[PDB]
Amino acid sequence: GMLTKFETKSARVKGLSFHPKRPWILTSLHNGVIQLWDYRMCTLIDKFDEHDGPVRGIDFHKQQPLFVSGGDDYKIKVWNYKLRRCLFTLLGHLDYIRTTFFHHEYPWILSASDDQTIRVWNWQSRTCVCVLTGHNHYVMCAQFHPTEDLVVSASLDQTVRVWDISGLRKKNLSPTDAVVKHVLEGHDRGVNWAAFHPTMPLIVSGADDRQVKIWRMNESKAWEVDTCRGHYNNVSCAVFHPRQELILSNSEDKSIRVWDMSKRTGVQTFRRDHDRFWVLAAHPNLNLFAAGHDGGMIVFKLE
């Protein structure tokens, strides 16, 4: 089932990010440390210790020599991994930052916070260019769509939201800005994570109801199309397998679960003795995955 490639022992891992080309993964830790690992040479390349308290937000830029971090200190830091330093800090959030991601093309950062806001930042102007309001509890996750001007967010308010930011794109990149397109209701507890499918109009979410839910959107509406049961504690994270009909989830129940979207195979469950899982990453072009837990990180393949 699970082919372990690389493991770290560390403070609890809260964030993960695979480099698209280098055999590198970032881990952002509960102790405020960001580790840069080479999983082919089995070495710690570098350590970045500038935050105070947990760092949950971490993302490599897919094309620029940058990564972005978001901390419980309410700071977003933009880093250059060649220069090995923090270029600048973005302030504005009023509570813990849950996620930070770079846009794949636009000069943007997307952040989600316990302050109930989603923020878009322009990293060229080094400014906040949009505050997305509407959630009425912690925003646990916000992600950019890979090819459309959409955002998906997950909140402890029990909703997943889909936002149209095409207005913000036209305003901000030119030489309302953000509209809520869908409010996805169905989880009956706080939602910890939501993500877009790379190609289909699908969303996956994981919640404190111990459910992994799959949603479909069309031109008019969005609706729940499946619910995966088996986790016996809060679902921390869920990702679409980028290139196979699979979903990967992990949980405070100390398990990774692999779901068959085709439903041909039953769910595969991978357990740790003592470690809650907090985060899951998929490599953007390899059949390679990473999970963050109480005792460190595991990088693995499926067989």
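Position 1 is the first residue in the sequence shown; the rest follow in order.
Unmodelled stretch separating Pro175 from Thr176: 10 or more residues (count of deposited-sequence residues without coordinates). For the segment pair 79 to 87 and 118 to 126, the entry gives 79 to 87 the higher mean B-factor, averaged over Cα atoms. Higher mean CA temperature factor between 260 to 268 and 244 to 252: 260 to 268, per the PDB entry. In the deposited coordinates, the residue among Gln158, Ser205, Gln143, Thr227 with the greatest CA B-factor is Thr227. For the set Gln35, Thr43, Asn234, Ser69, the PDB entry assigns the largest Cα B-factor to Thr43. In this PDB entry, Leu132 carries a Cα temperature factor that places it within the middle third of its chain's modelled residues.
Annotation for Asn287: CA B-factor lies in the highest third of the chain's modelled residues. In the deposited entry, the Cα temperature factor of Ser166 places it in the middle third of its chain's modelled residues. In the PDB entry, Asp59 places in the lowest third of its chain by CA B-factor. Sort the chain's modelled residues by C-alpha temperature factor and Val179 lands in the highest third, per the entry.
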